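Single-structure report; data block below.
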Amino acid sequence: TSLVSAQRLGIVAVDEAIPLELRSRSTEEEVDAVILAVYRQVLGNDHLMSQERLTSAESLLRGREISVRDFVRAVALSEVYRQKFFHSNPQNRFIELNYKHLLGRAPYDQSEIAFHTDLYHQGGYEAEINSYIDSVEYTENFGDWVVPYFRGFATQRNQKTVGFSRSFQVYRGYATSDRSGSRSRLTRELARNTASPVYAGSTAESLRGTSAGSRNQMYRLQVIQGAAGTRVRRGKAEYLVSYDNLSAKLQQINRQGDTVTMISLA
Amino acid sequence: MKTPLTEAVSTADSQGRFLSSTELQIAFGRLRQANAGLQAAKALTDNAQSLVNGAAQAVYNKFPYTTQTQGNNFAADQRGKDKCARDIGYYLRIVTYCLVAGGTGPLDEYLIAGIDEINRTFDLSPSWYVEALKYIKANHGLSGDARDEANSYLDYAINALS
Amino acid sequence: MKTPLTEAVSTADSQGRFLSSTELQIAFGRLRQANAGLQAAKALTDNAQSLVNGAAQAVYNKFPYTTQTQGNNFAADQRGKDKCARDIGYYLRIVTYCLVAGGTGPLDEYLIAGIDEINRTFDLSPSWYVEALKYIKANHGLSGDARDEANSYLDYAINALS
Amino acid sequence: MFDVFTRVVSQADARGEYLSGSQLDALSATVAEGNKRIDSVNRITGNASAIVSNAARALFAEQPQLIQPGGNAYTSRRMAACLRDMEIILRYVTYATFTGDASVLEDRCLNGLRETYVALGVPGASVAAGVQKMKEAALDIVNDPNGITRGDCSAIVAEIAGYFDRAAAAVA
Amino acid sequence: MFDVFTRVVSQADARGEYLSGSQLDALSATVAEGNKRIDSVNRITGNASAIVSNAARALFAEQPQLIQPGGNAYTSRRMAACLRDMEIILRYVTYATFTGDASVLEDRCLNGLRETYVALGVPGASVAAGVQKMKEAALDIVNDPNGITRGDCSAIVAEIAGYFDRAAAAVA
Amino acid sequence: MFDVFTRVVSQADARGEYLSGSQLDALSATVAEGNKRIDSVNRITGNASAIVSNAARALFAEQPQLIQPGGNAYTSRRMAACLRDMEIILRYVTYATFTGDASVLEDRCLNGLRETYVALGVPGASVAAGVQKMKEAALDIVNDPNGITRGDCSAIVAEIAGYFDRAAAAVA
Amino acid sequence: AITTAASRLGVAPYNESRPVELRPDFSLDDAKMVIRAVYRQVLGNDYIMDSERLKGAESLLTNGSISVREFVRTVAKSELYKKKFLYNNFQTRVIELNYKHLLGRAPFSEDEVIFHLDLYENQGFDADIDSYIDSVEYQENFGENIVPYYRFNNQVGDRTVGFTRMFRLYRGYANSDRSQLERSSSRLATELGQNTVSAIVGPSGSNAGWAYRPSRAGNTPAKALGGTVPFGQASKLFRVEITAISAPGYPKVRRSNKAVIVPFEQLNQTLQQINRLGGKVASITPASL
Ligand SMILES: *[C@@H](C)[C@H]1/C(=C/c2[nH]c(/C=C3N=C(/C=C4\NC(=O)C(CC)=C4C)C(C)=C\3CCC(=O)O)c(CCC(=O)O)c2C)NC(=O)[C@@H]1C
Ligand SMILES: *[C@@H](C)[C@H]1/C(=C/c2[nH]c(/C=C3N=C(/C=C4\NC(=O)C(CC)=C4C)C(C)=C\3CCC(=O)O)c(CCC(=O)O)c2C)NC(=O)[C@@H]1C
Ligand SMILES: *[C@@H](C)[C@H]1/C(=C/c2[nH]c(/C=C3N=C(/C=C4\NC(=O)C(CC)=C4C)C(C)=C\3CCC(=O)O)c(CCC(=O)O)c2C)NC(=O)[C@@H]1C
Ligand SMILES: *[C@H](C)[C@H]1/C(=C/c2[nH]c(/C=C3N=C(/C=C4\NC(=O)C(CC)=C4C)C(C)=C\3CCC(=O)O)c(CCC(=O)O)c2C)NC(=O)[C@@H]1C
Ligand SMILES: *[C@H](C)[C@H]1/C(=C/c2[nH]c(/C=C3N=C(/C=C4\NC(=O)C(CC)=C4C)C(C)=C\3CCC(=O)O)c(CCC(=O)O)c2C)NC(=O)[C@@H]1C
Ligand SMILES: *[C@H](C)[C@H]1/C(=C/c2[nH]c(/C=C3N=C(/C=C4\NC(=O)C(CC)=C4C)C(C)=C\3CCC(=O)O)c(CCC(=O)O)c2C)NC(=O)[C@@H]1C
Ligand SMILES: *[C@H](C)[C@H]1/C(=C/c2[nH]c(/C=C3N=C(/C=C4\NC(=O)C(CC)=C4C)C(C)=C\3CCC(=O)O)c(CCC(=O)O)c2C)NC(=O)[C@@H]1C
Ligand SMILES: *[C@H](C)[C@H]1/C(=C/c2[nH]c(/C=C3N=C(/C=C4\NC(=O)C(CC)=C4C)C(C)=C\3CCC(=O)O)c(CCC(=O)O)c2C)NC(=O)[C@@H]1C
Ligand SMILES: *[C@H](C)[C@H]1/C(=C/c2[nH]c(/C=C3N=C(/C=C4\NC(=O)C(CC)=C4C)C(C)=C\3CCC(=O)O)c(CCC(=O)O)c2C)NC(=O)[C@@H]1C
Ligand SMILES: *[C@H](C)[C@H]1/C(=C/c2[nH]c(/C=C3N=C(/C=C4\NC(=O)C(CC)=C4C)C(C)=C\3CCC(=O)O)c(CCC(=O)O)c2C)NC(=O)[C@@H]1C
Ligand SMILES: *[C@H](C)[C@H]1/C(=C/c2[nH]c(/C=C3N=C(/C=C4\NC(=O)C(CC)=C4C)C(C)=C\3CCC(=O)O)c(CCC(=O)O)c2C)NC(=O)[C@@H]1C
Ligand SMILES: *[C@H](C)[C@H]1/C(=C/c2[nH]c(/C=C3N=C(/C=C4\NC(=O)C(CC)=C4C)C(C)=C\3CCC(=O)O)c(CCC(=O)O)c2C)NC(=O)[C@@H]1C
Ligand SMILES: *[C@H](C)[C@H]1/C(=C/c2[nH]c(/C=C3N=C(/C=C4\NC(=O)C(CC)=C4C)C(C)=C\3CCC(=O)O)c(CCC(=O)O)c2C)NC(=O)[C@@H]1C
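Chains as they are written, first to last, in PDB author numbering: chain BM, 2 to 181, 185 to 232, 236 to 273; chain AO, 1 to 162; chain AW, 1 to 162; chain AX, 1 to 172; chain AP, 1 to 172; chain AR, 1 to 172; chain BL, 2 to 290.
Given below as structure tokens:
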């Protein structure tokens, strides 16, 4: 997005990112940069140890034996990818990680969760992973030579609006990685076809004045509430409370049977 | 953090008004005290190791059962002695912070709040720490305004513990 | 009533604790200010009559219509001039009270609170009183801490008015 | 609430009069005594816990029926409430000493304390006895000559003593 | 919030370390600057209404679209809200100047202000322009040589400038 | 909220100009329609209980899964909440009819309603069907020619139908 | 509810006053109405000068940065609240004022005095205010978006002792809670300590004997211990509270307020005697049977 929304949302680096294309007759440093970009984006910005590097796959990429898409596929099918994104993760979290790493976006629909779940159950991890890389979406956006990059913050064709909002649930910042087993943030949002408010970068903070307590910190409590007292006006509720009233607010939410969806510093 | 300046701003902010002459006099009083507080902090810091070791020995002398009775809460072994010296060092360091800050705000935020839950949970006698603070009072060697402000924080800790 | 001593005890009392070194520093600042405040009050008091008359005449010079326009809120007649002199005398006397008290509490409680409703109801412009306060500023002949503290109260009244 | 300056201010404002030269010099005499006032407040505050505990222990020694089973200071909660009141009396006496005016002591602590004690059966005379013990332990702490600049604190000691007697009389 | 002393104290406690000699010396240097800091606070406070009013008049004079009908400063309630906002920013700048730390300005005033302005359609750039007007207006008032002991106030002027620029950056 | 008059006023103030003759004449036409508007509001209000209860019975007869054990309208509390919701929708539709603007129905009833129903598992489509049933019953009530001065109420009925469909669209 | 005696008491203006709720996506009039209601109720109908208005708290409430409950908390924690209700009052009176402002009811028993005084003394005024507002009673009655209001009517967890004490704390619609006869004195210290009640005396408009207040000592007890024996033959005994006794003058009249237990057969004569001394009857309660 433009700068004025980008600084607020903390997506300036994503907006100014340039797609990396491995051209013909590329030099050694270009292949090095392409390999580094693939490792950064497919492995979700983890500190990749040299012992976890795919030496044979990057050799084939260097020697023009395979394309960038094939190297992306080799990294995605690698046991390193399995260990940090599949073997200790629930299936819904795993496929949103696949969507972020391979297509650069958040899941659009619960049917996309229904897909890749049956596909896993019928054809294994390899077929399920190949679905993303062989998809029509991967071909027009990245092709055989462009490193995949995150696209959820920009308006795409055949895109649902929720994708942009849901993007901030899967991209938590430039200095973030997908490293810690964790559950998806999009489960209820995808299942019930909703959208969650975006609280990223500086968007989450709210005015404090003299209303915040001793340590001048407000917390936003997003809860799901029903009538258990006073009339409930909305199913969704947001509560801004100081630190000193955080335990009391939590306990009275608990005794009303209200489900807490999120707590963030505001 | 209870300091003259932060509290002056806080009172003014709840009424939503600019800083008047009252807040300026708070700042003037803080300025009058601050140099003495800074030398008090420097003297305590330079003598910190002997003060902490001497305070620990005074507690071990007054309560000999702490150095000879088995149990996690006592200092009969080296692990317990290290914990004790660490606690007294915590006390001394937060007292120097108070001298720098010009109020009991560091002691309240870092040490005083919740200390009684600590001593109960871990069966630590507050009298031990009172004796350590009394040793520090008697041995810091400060004079004048430095001594008065430092003794105020040390007595504040003593009164909280008793 | 905001003064250093009153504010210090009120902060401590709302926290339900004994006075710490923070409140004592507030008292030290009040002690530093007090003598200049008291002799500024004396100097203003001794020069009060000429200051009030000169401030009133200054308002008449800058705002001539207040002496020609017939109306209850104007000083065209003798009673209007008396009301004006009494009002400026109120401002000067309450400023001395602020000087002896050490804070804006006398101005806040006796004059500032509700003065907007006064001026709106009785059709008195705050600009008139601003010029009266400006004359008092320019002609009180105070120096050092006395002038600083007195001008802060006079500027406090002006800032409240405009 | 009033301090020593605002008390004179309120009296003068009601008469519409500037403070006279005599009143100003009395206030200048008060601020000249200011360091001694700060020392006395500091000395009572630094020994607050010792003052309250020693006075209560002496009080229960001389009045055993307070702590006998069924007495007013018997059970933990009533003992704690007794200890709390002693410390509260002491705190507002220090407040009154700090401001130089007794209004904080009267408005916060003394107005209604007698009525509360009568309503509950708290023996007000025994509370007055405890307050007098706090008095006598605090005046010599203020009057202690060691570790302070020498001078005459008789005026501030008399003023503190008056606050303590006022507290003892409001409850007895 | 922090002031200039407790900011250094909090960093030390996180490190578990006593303040070094250089930090205590730096704190002594800012104690020696305390009189000048109080003068700056006093001078901005004593001119606060003039600073806000002249800055606001200049802002609408150079940005007439704010006060045209339908503009964000149009209608007396929104015009009053804009003036109040100016006074709020300036007041927290004086708070930060008094304390010697931007924590009060950042935590209590600036945090979430941009979100509020964006959500309301308050143009943060013109709010930043208005804060920039209060900036040199207050800096010239702090630097006015008349009726004060002469001395170099360059450090405190730079610090107040930083608080003003910090507020301007947050709103824009 | 807004009514028909204040909506035009708010638009004119944002554009900062007097209402033109066409807008004033349009509001005059609205005033002429006012008696029929009051009639329609009164007619729906008088039959409010019948409209809500009959529509609920019709909804549960054609959607038995709502009232089967485990259905979202099963048990007494949830059935009472469902009847309360039908009543709430009808009442705010009458509010919108009375004002002549849809702001009250939107601002106070429909905004967040979809998100409430999804979050608690209320089937919004079934709420929409009940809303459609109340709409046909209420419009039959409004267009009833018995015991009223005959005139053309087509405009107000179309306006009422729009409020009802806005409600049925908002839930699902 | 209170129907016949609503105007006599000050309950009638609150009978048709609905609770002030800030709905989600509220308008500007809604925010201002909440500000007015909070100022009136939390500050106890004191006039609020413009210099005393909490501009920042109002702005935050208007913006939705804080809720109604958080705004009530900010007002209750303000220096404005503390000058009006904390700094010049015995802490039992502060507790009485907190219950009236933040909960809209009188204290029920001495246990509440114990809890709040202990919490104030151990953790300060701000922590004490939080306990009123984070209480289960506040959440069930007002919640997050409703301005606290006087709870005159009977509720689920009420005690009738609280209903009687409500009129010791509330003295009419045109009354300001700092402009009452007892001034800064605690109204319920004796009453909470002894678990007793006083006969309800209505406000000054509709009740001639409104000014009656018992003295420190020498008060006639509520019930007639002894029955009819000191009065010869009598059917029933009644306690009559009389105020504004002045006609005979000092030394014949010492206290202008007097409570007398009189038999039924002397009630007529008692009324004439009150009329000669210029007194006003505050209340008459059955004292026997
Ligand atoms: C830059 C800010 C300007 C400046 C400042 C400056 N001030 C002083 C010294 C003093 N200023 C005060 C202030 C006050 N005294 C009061 O009673 C009040 C009201 C509460 C105030 C605000 C004081 C006490 C002093 C010290 C004594 C004296 O008056 O000289 C200095 C001198 C050096 C010092 O810091 O002490 C300076 C430099 N000077 C300029 O030229 C700038 C325009
Ligand atoms: C009767 C109360 C006793 C007594 C007191 C006394 N004190 C002073 C002078 C000073 N004492 C202080 C105090 C403090 N400085 C600090 O930094 C702190 C902590 C915040 C405190 C409490 C100060 C600043 C002074 C002035 C400097 C000095 O040492 O003189 C005096 C001297 C007279 C004066 O008013 O200055 C006296 C008499 N003396 C006794 O003998 C009593 C037992
Ligand atoms: C469509 C809505 C139906 C309809 C309406 C209609 N009404 C009138 C005229 C009037 N209706 C009223 C209404 C009331 N008077 C009362 O006292 C109350 C109770 C509080 C109400 C609701 C009034 C005052 C009038 C004017 C006098 C009159 O009764 O004739 C009209 C006539 C045109 C007009 O707008 O005045 C119409 C058309 N008529 C239908 O056929 C629809 C079924
Ligand atoms: C024009 C009337 C108003 C306006 C618009 C505006 N929108 C954006 C940015 C985005 N718009 C969308 C929306 C969609 N993307 C989709 O794919 C779909 C269809 C399913 C929709 C509805 C999104 C997601 C964005 C962000 C990503 C992108 O910009 O591509 C902007 C740019 C914001 C920025 O800072 O760059 C603008 C300006 N702005 C106004 O002021 C008008 C009132
Ligand atoms: C060292 C001083 C301390 C420490 C560090 C530590 N960090 C991690 C893990 C990560 N570090 C980062 C940070 C970045 N990655 C980037 O690309 C950027 C530039 C924008 C930054 C700042 C990230 C994202 C991670 C996540 C994991 C990853 O592998 O990338 C670890 C590893 C934790 C773990 O293995 O579970 C550690 C140990 N740890 C200490 O104890 C020191 C105080
Ligand atoms: C020394 C005077 C006596 C003594 C000490 C002792 N302390 C502990 C354990 C703890 N001490 C603390 C205290 C603090 N932690 C903090 O962070 C601070 C504030 C900055 C303080 C004052 C705590 C929290 C503990 C328990 C957890 C921990 O181990 O840190 C022990 C060990 C008790 C146990 O059960 O492990 C001991 C022995 N012991 C003596 O005999 C001395 C007389
Ligand atoms: C015995 C295990 C150890 C011991 C006892 C000891 N206790 C005190 C003093 C007090 N004890 C209490 C306790 C209670 N009072 C109650 O009403 C109840 C609840 C029903 C309890 C548990 C209190 C309040 C006191 C102080 C007041 C009093 O004098 O009673 C002392 C004397 C302490 C003093 O300073 O006077 C002693 C000696 N001492 C040991 O050494 C044993 C290991
Ligand atoms: C101790 C020396 C004597 C003693 C004390 C005692 N007090 C209570 C109870 C209360 N004390 C108060 C006091 C105050 N309220 C305030 O507002 C202020 C400060 C501004 C004060 C000092 C109150 C209101 C109570 C009631 C609440 C409570 O019980 O805590 C008790 C308990 C009475 C009972 O029977 O519950 C006691 C024991 N008692 C003695 O015997 C000593 C002589
Ligand atoms: C003036 C230079 C510009 C301007 C201002 C403007 N602001 C608002 C509204 C609000 N301002 C705030 C800010 C604060 N409230 C606080 O308590 C504090 C301290 C923490 C701050 C900084 C808030 C919360 C609001 C919203 C609530 C309220 O209205 O009070 C408005 C009104 C917007 C509206 O539509 O109502 C305006 C006009 N507008 C300009 O055009 C100037 C450039
Ligand atoms: C009936 C046609 C359908 C149905 C209804 C149903 N609704 C709820 C719960 C709520 N309904 C609302 C809606 C409103 N409350 C308001 O105050 C406003 C007006 C301002 C509206 C529009 C809300 C907020 C709730 C939640 C709080 C509450 O439960 O009262 C339920 C209860 C769901 C539960 O289990 O808690 C039900 C049953 N259910 C059906 O099956 C029908 C299709
Ligand atoms: C019925 C047998 C007689 C009768 C009763 C009657 N009572 C009231 C009003 C109230 N009743 C109470 C009583 C209580 N409140 C409590 O909290 C408790 C339980 C802990 C009790 C026992 C109160 C306080 C009221 C007034 C407040 C309220 O009603 O909400 C009325 C109504 C009077 C009026 O409307 O003014 C009535 C009618 N009346 C008879 O004639 C019967 C003999
Ligand atoms: C003016 C002609 C006379 C005068 C008046 C005066 N009144 C007060 C204080 C209050 N006045 C009221 C009255 C009302 N408040 C209401 O809400 C209602 C309507 C239901 C009425 C009639 C109240 C309750 C107060 C107290 C609240 C407050 O904030 O004071 C004062 C102030 C007294 C004081 O500040 O001490 C004054 C001055 N005074 C005169 O001399 C005129 C004869
Ligand atoms: C004079 C400074 C103020 C004043 C006085 C005033 N008082 C009354 C009437 C009475 N005063 C009393 C008082 C007492 N009864 C006692 O037992 C004692 C203590 C032993 C006293 C002092 C009584 C009983 C009355 C009523 C009967 C009587 O008048 O004798 C009045 C007359 C009021 C009336 O309505 O007649 C007045 C004027 N008035 C002021 O304004 C002064 C501030």
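The C-beta atom is built at its ideal place from N, Cα and C for all residues, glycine as well.
Which residues DSSP lists as bridging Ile285(BL), in chain order: Numbered from its first residue, the seventh sequence carries residue 285(BL) at position 284. Beta-bridge pairing links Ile285(BL) to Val241(BL).
task: Quick one: residues with CB closer than 6 Å to any heavy atom of ligand 10, in chain order, please.
output: Here the list is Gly230(BM), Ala231(BM), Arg238(BM), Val239(BM), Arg240(BM), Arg241(BM), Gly242(BM), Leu66(AR), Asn72(AR), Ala73(AR), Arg78(AR), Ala81(AR), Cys82(AR), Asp85(AR), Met86(AR), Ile88(AR), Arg108(AR), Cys109(AR), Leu113(AR), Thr116(AR), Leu120(AR), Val122(AR), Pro123(AR), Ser126(AR), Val127(AR), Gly130(AR).
task: Note down, in chain order, all residues in the segment 138 to 153 of chain AW with a beta-carbon under 9 Å from any beta-carbon belonging to chain AO.
output: Residues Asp148, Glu149, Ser152, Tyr153.
query: Which whole-angstrom value is the C-beta distance of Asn72(AX) and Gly121(AX), which I expect to be below 8 Å?
result: Looking up residue 72(AX) in the fourth sequence gives position 72. Looking up residue 121(AX) in the fourth sequence gives position 121. About 6 Å separates the beta carbons of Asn72(AX) and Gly121(AX), which is inside the 8 Å limit, making them a contact pair.
task: Consider the C-beta atom of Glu17(AX) and the heavy atoms of ligand 9; say whether any pair is separated by less than 8 Å.
output: Start at 1 with the first residue of the fourth sequence, and residue 17(AX) comes out as number 17. For ligand 9, not one heavy atom lies less than 8 Å from the Cβ of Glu17(AX).
- request: Give, in chain order, every residue of the segment 181 to 206 of chain BL whose Cβ lies closer than 7 Å to some Cβ of chain AX.
  value: In summary, the residues of the segment 181 to 206 of chain BL whose CB is separated from some CB of chain AX by less than 7 Å are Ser185, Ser186, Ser187, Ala190, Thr191, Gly194, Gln195, in the order they occur in the chain.
- request: Could you name the residues of the same chain whose beta carbon sits closer than 7 Å to that of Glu111(BL), not counting the 5 residues immediately before and after it, in chain order?
  value: Translated into positions along the seventh sequence, residue 111(BL) becomes position 110. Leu193, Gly194, listed in sequence order.
message: Any beta carbon of chain BM sitting closer than 9 Å to that of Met1(AP)?
response: If you number the fifth sequence from 1, residue 1(AP) lands on position 1. Yes - at least one Cβ of chain BM is within 9 Å of the one on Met1(AP).
task: Check whether the Cβ of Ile148(AX) lies closer than 9 Å to any Cβ atom in chain AW.
output: Locating residue 148(AX) in the fourth sequence gives position 148, counting from the first residue. With 9 Å as the cut-off, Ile148(AX) does not count as an interface residue toward chain AW.
message: Quick check on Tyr251(BL): buried or exposed, where buried means 16 or more other Cβ atoms within 10 Å of its Cβ?
response: Residue 251(BL) sits at position 250 when you count from the first residue of the seventh sequence. Exposed: under 16 other Cβ atoms inside 10 Å.
query: Residues of chain BL with a CB under 7 Å from the CB of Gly112(AR): which are they?
result: Position 112 of the sixth sequence holds residue 112(AR). Below the 7 Å Cβ cutoff, chain BL contributes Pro25 as neighbours of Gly112(AR), in chain order.
- request: Note down, in chain order, every chain BL residue with its Cβ under 7 Å from the Cβ of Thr214(BM).
  value: Taking the first residue of the first sequence as position 1, residue 214(BM) is located at position 210. Within chain BL, the residues whose beta carbon sits less than 7 Å from that of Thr214(BM) are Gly57, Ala58, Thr75, listed in sequence order.
task: Give the range of the alpha helix (DSSP H) segment to which residue 1(BL) is assigned.
output: Residue 1(BL) lies beyond the stretch modelled for chain BL, which goes from 2 to 290, so this question has no answer here.
- request: Just jot down, in chain order, the residues whose CB lies closer than 7 Å to any heavy atom of ligand 4.
  value: Shown in chain order are the residues whose CB sits closer than 7 Å to a heavy atom of ligand 4: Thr2(BM), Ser3(BM), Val5(BM), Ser6(BM), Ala7(BM), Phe154(BM), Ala155(BM), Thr156(BM), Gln157(BM), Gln160(BM), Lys161(BM), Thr162(BM), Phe165(BM).
query: For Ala212(BL), which of helix, strand or coil comes out of DSSP?
result: To locate residue 212(BL), count along the seventh sequence from 1; it is residue 211. Reduced to three states, the DSSP call for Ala212(BL) is coil.
message: Under 8 Å: do the segment 81 to 101 of chain AP and the segment 3 to 21 of chain AO share three or more Cβ pairs, one atom per stretch?
response: Taking 8 Å as the limit for Cβ pairs, the verdict is that the segment 3 to 21 of chain AO does touch the segment 81 to 101 of chain AP.
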